[PDB]
């Protein structure tokens, strides 16, 4: 069975304008492993995003963590875009600095 992924975008620290941070995009519970992840700053692919080495959970579904250091803006949006066999077209999930 193929399993559509599970996207979660979140910050390392509570965001405050001017203080460095990490932005995470955590995608889990998917199969097959082949997957494409790109983090976006206002619709622009962030140049060099550090990604984890893919492992898999106890139920054998694969998970992978994409993160990048960043220092946020209150009038800037951040999103994660995934492409996988289980989806027709890519899925984009935005940050939501509140919660």
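Numbering follows the first chain given and starts at 1. Note that the rigid core is defined as the largest set of C-alphas that superpose within 1.5 Å between two forms.
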Which of the two stretches, 69 to 77 or 30 to 38, moves more in 7 other deposited structures of this protein when the core is held fixed, judged by C-alpha RMS distance?
69 to 77
On mean C-alpha B-factor from the PDB entry, just flag whether 80 to 88 or 14 to 22 is the higher one.
14 to 22
Quick one: higher average CA temperature factor, 26 to 34 or 65 to 73?
65 to 73
Which third, lowest, middle or highest, does the CA B-factor of residue 52 fall in along this chain?
middle
